[PDB]
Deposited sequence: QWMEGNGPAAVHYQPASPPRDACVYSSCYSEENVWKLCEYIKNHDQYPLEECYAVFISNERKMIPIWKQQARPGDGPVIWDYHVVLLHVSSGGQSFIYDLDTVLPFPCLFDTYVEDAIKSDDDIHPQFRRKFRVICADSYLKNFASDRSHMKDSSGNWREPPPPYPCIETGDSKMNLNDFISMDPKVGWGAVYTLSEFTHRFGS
């Protein structure tokens, strides 16, 4: 037997159940934005306990396992993917990924173990980096005009979410500043995989 050395065993999700959440395939940045907006207006948890987490790398090719778009034990190769992280007040973190086949929400360590996996044996150009943005800052600063989702003739590659493009007073499109893993760009903090797990894991 091994006893763990505040466990959030009664943790109440910060979002509605997965199938009740606003969701569009291939717009995870907006799906997460909508979760942040829900948390802000629901008055259950301080928004500052939550973060948007962009996952990407310099070559924009990252594997993520346990993804609904590819059932089985293989990864989806994304250009980037976004999830929500809730650091609950006791310190236990949870990941909210509407695209995972793991639970929604899922304990942080389990998500990293099963969906992310170690980078140590991954071919280096596929290794994962993480940009972590406070959910308050994400709601205040994110903007996307969805222009990256159109083909060479201007037609949608994937159908857009059923509400107007997210914009701010400062920008109508800055999605590249969140996908970028250059710490000199954008908002929040950039972590390698091992730095990310060291920071938020058990």
Ranges of the deposited sequence (numbered from 1) for which no C-alpha atom is modelled: 6-7
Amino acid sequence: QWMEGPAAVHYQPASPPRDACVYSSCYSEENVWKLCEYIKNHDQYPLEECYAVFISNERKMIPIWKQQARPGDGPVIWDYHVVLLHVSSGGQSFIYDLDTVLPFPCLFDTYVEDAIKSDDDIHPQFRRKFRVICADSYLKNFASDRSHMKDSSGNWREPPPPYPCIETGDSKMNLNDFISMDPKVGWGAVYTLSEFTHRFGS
From here on, numbers count along this sequence of modelled residues.
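Rigid core (definition): largest C-alpha set, two forms, superposition within 1.5 Å.
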Superpose on the core, then say which of 8-16 and 185-193 ends up with the larger RMS Cα offset from this form in 4 other deposited structures of this protein. 8-16
Would you mind working out which of 26-34 and 151-159 sits farther from this form in 4 other deposited structures of this protein by RMS C-alpha distance, with the rigid core as the fit? 151-159
Average Cα temperature factor in the PDB entry - higher stretch of 38-46, 25-33: 38-46
Looking only at C-alpha temperature factors in the entry, 47-55 or 164-172, the higher average sits in 164-172
Out of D73, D109, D97, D79, highest CA B-factor residue: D73
Would you mind checking where the Cα B-factor of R157 ranks among the modelled residues of its chain, as the lowest, middle or highest third? highest
Lowest, middle or highest third of the chain for the C-alpha temperature factor of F196? lowest
Taking the chain's C-alpha temperature factors as the reference, tell me which third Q92 falls into: lowest, middle or highest. highest
Chain third (lowest, middle, highest) by recorded CA B-factor, residue given as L139: middle
Could you place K60 in the lowest, middle or highest third of its chain by Cα temperature factor, using the values in the record? lowest
